[PDB]
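First to last, the sequence lines map onto chains Z, C, P, E and A.
Residue numbering for the first sequence follows the deposited numbering, beginning at 22 and increasing consecutively.
According to the deposited numbering, the second sequence holds residues 2583 to 2605, 2629 to 2631 in order.
Residue numbering for the third sequence follows the deposited numbering, beginning at 2503 and increasing consecutively.
Residue numbering for the fourth sequence follows the deposited numbering, beginning at 1009 and increasing consecutively.
Residue numbering for the fifth sequence follows the deposited numbering, beginning at 959 and increasing consecutively.
Idealized CB from N, CA, C, for every residue including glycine.
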Amino acid sequence: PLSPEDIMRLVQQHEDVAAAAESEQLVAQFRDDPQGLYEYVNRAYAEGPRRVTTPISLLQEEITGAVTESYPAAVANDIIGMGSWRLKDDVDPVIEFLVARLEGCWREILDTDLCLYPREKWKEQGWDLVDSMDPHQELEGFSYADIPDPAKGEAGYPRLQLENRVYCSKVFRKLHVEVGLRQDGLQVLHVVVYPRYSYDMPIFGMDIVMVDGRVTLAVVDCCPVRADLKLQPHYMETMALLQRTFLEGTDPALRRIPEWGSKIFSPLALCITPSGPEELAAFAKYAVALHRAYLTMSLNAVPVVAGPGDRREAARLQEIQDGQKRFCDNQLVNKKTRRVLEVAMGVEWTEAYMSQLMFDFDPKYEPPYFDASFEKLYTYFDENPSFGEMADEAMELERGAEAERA
Amino acid sequence: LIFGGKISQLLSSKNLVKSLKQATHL
Amino acid sequence: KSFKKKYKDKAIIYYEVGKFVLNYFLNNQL
Amino acid sequence: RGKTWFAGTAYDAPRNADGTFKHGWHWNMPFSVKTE
Amino acid sequence: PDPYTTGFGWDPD
């Protein structure tokens, strides 16, 4: 009275109910307070400094009177700002704010597993800071201040300078921020977060293109990796909720779909031309909140393993690799667009940058990562230490004295 | 070893001339 | 009022960070 | 190395044999070198 | 005008 077909159906029930459960257990953290995905810096500022209650700092306050104070990671990265960027002074305030927010989200959410990308891949080739007038690195990377900006018409004009920051993590094989500047007022921010080839996770993308201080293009997306070009229910619910929370007004469509994003864009992908400081502020809030939600949902992600036993996991891994290859190829055939900012730094160098950095796909190369995860233990035991049996006896004597005196 | 801290302070400092001055050698 | 505090704190922490970075690089990564 | 600041001019920093500035100087360093 | 005390940076709010 059960039948094989209905045993298979019962399996299907259990199987996708577990999926549903996981999805809502991942959305529930953002369901209540979506503004907490953006106002976290302001809330940490309102929280203010924290008195470091470690015994060494307490002894410092007892002897010298100096008080050790700590700050949350949000206001820590707000104090840092852009950071020690080589081109932090020539960039636009909007680009600087966005870079500070996304880098702070990386260094805060992905702490204890955020590594710097291997220097032999991007930094030993001098791609951390490239200048149009010095393509051969004859000035040891000091061309940005060693060489004055070209005159109009004079060879080298307009000068293009690109600074890159590539990171790795436990769940992410490449977290890439690229800031490009040109003399004609054009600035480009390109932030792409790549999951590894073991996670059923979309690739995060953002591109901010501005001309002469006015934002002309602003794209933020969680580009899917599946075959049907659709995201998971938690990603769809989070993107719709954040759009409702932060976009609020404006026109509802706001999607030109310029014939190249249609193979990589999510159904809730945002690609606007900002017209107004209010719309620009709403986009910046939505983008910071979406990045924070993406990184927060990265914490509980479980890698997909295959081999013996079952083959649907192997099919999922092949789908992940195909989707990442499709995204990389679609960003590589982008040469009717952003690649025009290149060619000034040659064509063969443009190819040797495009294929090797940013959008690079390889089945055999997974970047190594260092998951410390014991600095949490060290900080916890500096906050709450154990002082030994002799100190326990001394505290017992002190407690007895205060009981018999007070 | 002596001058590393001042070097990092110089490398991590915002130049305020491009945030202060607004719009021959322009 | 607090921007001056932010500037001063950032200068102090970057001085300390750079000093200990240089100390580690010279004394251990050589 | 020649597309830098003033280059062939009396206002340029001293340069080595290979064209690099003396003491490995650069134009963003907080100190000014002395002309040779 | 006191620098190092106010301004110098974009903010959506």
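Partner residues on chain Z for residue i, Cβ-Cβ distance less than 8 Å
i        : result
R1009(E) : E159, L160
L2593(C) : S105
Residues sharing a beta bridge with residue i, DSSP
i        : result
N355(Z)  : Answer by DSSP bridge pairing: none, since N355(Z) is not bridged.
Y215(Z)  : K195(Z)
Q182(Z)  : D152(Z), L202(Z)
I229(Z)  : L210(Z), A239(Z)
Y188(Z)  : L137(Z), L196(Z)
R72(Z)   : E90(Z)
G367(Z)  : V364(Z)
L291(Z)  : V241(Z)
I77(Z)   : Bridge partners of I77(Z): none, in fact.
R1023(E) : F1029(E)
Under 7 Å from the C-beta of residue i: neighbouring residues of chain P
i        : result
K2600(C) : By Cβ distance, chain P contributes nothing, its closest Cβ being about 17 Å from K2600(C), past 7 Å.
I100(Z)  : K2508, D2511, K2512
Alpha-carbon to alpha-carbon, residue j and residue i
i             : j        : result
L131(Z)       : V96(Z)   : 16 Å
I100(Z)       : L202(Z)  : 24 Å
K173(Z)       : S2594(C) : 31 Å
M366(Z)       : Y374(Z)  : 10 Å
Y962(A)       : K2600(C) : 14 Å
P970(A)       : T266(Z)  : 15 Å
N63(Z)        : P70(Z)   : 13 Å
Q2604(C)      : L2598(C) : 11 Å
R180(Z)       : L79(Z)   : 54 Å
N2530(P)      : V2523(P) : 10 Å
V309(Z)       : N355(Z)  : 25 Å
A303(Z)       : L353(Z)  : 30 Å
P389(Z)       : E68(Z)   : 37 Å
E300(Z)       : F402(Z)  : 46 Å
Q2591(C)      : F2585(C) : 10 Å
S153(Z)       : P171(Z)  : 10 Å
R1023(E)      : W1013(E) : 12 Å
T964(A)       : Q377(Z)  : 42 Å
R128(Z)       : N98(Z)   : 8 Å
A424(Z)       : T85(Z)   : 30 Å
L250(Z)       : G234(Z)  : 34 Å
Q158(Z)       : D392(Z)  : 34 Å
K2503(P)      : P959(A)  : 14 Å
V115(Z)       : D228(Z)  : 13 Å
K2506(P)      : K1011(E) : 39 Å
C189(Z)       : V200(Z)  : 18 Å
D134(Z)       : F395(Z)  : 11 Å
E161(Z)       : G1027(E) : 12 Å
residue 17(Z) : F382(Z)  : The question about residue 17(Z) has no answer, for chain Z in this structure spans 22 to 427.
Contacts of residue i in chain Z (Cβ-Cβ under 7 Å)
i        : result
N1036(E) : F163, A166
Contact list for residue i against chain A, beta-carbon separation under 8 Å
i            : result
residue 1(Z) : It is not possible to answer for residue 1(Z), since the shown part of chain Z is limited to 22 through 427.
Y2509(P)     : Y962
8 Å Cβ cut-off: residues of chain C touching residue i
i        : result
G421(Z)  : The contacting residues do not exist; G421(Z) stays about 48 Å from chain C at best.
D110(Z)  : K2596, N2597, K2600
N2525(P) : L2583, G2586
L2528(P) : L2583
Per-residue contacts from residue i into chain Z (C-beta, under 9 Å)
i       : result
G965(A) : Within chain Z, no residue comes near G965(A); the closest Cβ sits about 10 Å away, beyond 9 Å.
Residue i Cβ short of 7 Å to the ligand SAH heavy atom set
i       : result
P959(A) : Within the structure as shown, the ligand SAH is missing, as the structure has no ligands at all.
Contacts of residue i in chain A (Cβ-Cβ under 9 Å)
i        : result
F2505(P) : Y962, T963, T964, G965, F966
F118(Z)  : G967, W968, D969, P970
Where residue i meets chain E, residues with beta-carbon distance less than 8 Å
i       : result
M154(Z) : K1011
Contact list for residue i against chain E, beta-carbon separation under 9 Å
i       : result
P179(Z) : Near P179(Z) there are no residues of chain E at all, since even the closest Cβ is about 15 Å away, more than 9 Å.
(message) I'd like to know if the stretch 328-347 of chain Z and the stretch 141-157 of chain Z are in contact, where contact means that at least 3 CB-CB pairs between them fall below 8 Å.
(response) Flag = no, the stretch 328-347 of chain Z and the stretch 141-157 of chain Z do not touch.
(message) Three or more C-beta pairs under 8 Å: does that hold for the stretch 406-422 of chain Z against the stretch 189-196 of chain Z?
(response) Touching, no, given that fewer than three Cβ pairs across the two stretches are closer than 8 Å.
(message) Check whether the stretch 239-248 of chain Z and the stretch 285-299 of chain Z touch, using three or more Cβ-Cβ pairs below 8 Å as the test.
(response) Flag = yes, the stretch 239-248 of chain Z and the stretch 285-299 of chain Z touch.
(request) Decide if the stretch 202-222 of chain Z is in contact with the stretch 114-124 of chain Z; the criterion is three or more beta carbon pairs, one per stretch, under 8 Å apart. (result) Contact holds: three or more Cβ-Cβ distances are below 8 Å.
(message) Under 8 Å, with one C-beta from each stretch per pair, do the stretch 316-325 of chain Z and the stretch 218-230 of chain Z reach the 3-pair mark?
(response) Output reads yes: the stretch 218-230 of chain Z touches the stretch 316-325 of chain Z.
(request) Note down, one range per segment and in chain order, each alpha helix (DSSP H) of at least 4 residues found wholly within the stretch 88-124 of chain Z. (result) Secondary structure within the stretch 88-124 of chain Z: the alpha helix (DSSP H) runs of 4 or more consecutive residues, fully enclosed, are 94-101 (chain order).
(request) Pair every Cβ in the stretch 81-93 of chain Z with every Cβ in the stretch 51-58 of chain Z, then say whether three or more of these pairs are closer than 8 Å. (result) Below 8 Å, too few C-beta pairs join the stretch 81-93 of chain Z and the stretch 51-58 of chain Z to call them touching: fewer than three.
(message) Is it the case that the stretch 103-120 of chain Z contacts the stretch 1015-1024 of chain E, given that we only count it when at least three CB pairs across the two stretches are under 8 Å?
(response) Judged by Cβ distances under 8 Å, the stretch 1015-1024 of chain E makes no contact with the stretch 103-120 of chain Z, as fewer than three pairs qualify.
(message) Within 8 Å, do at least three Cβ pairs link the stretch 1030-1040 of chain E to the stretch 162-178 of chain Z?
(response) Yes, they touch.
(message) Going residue by residue through the stretch 291-319 of chain Z, where are the continuous alpha helix (DSSP H) segments of at least 4 residues, counting only ones entirely within it?
(response) Secondary structure within the stretch 291-319 of chain Z: the alpha helix (DSSP H) runs of 4 or more consecutive residues, fully enclosed, are 298-318 (chain order).
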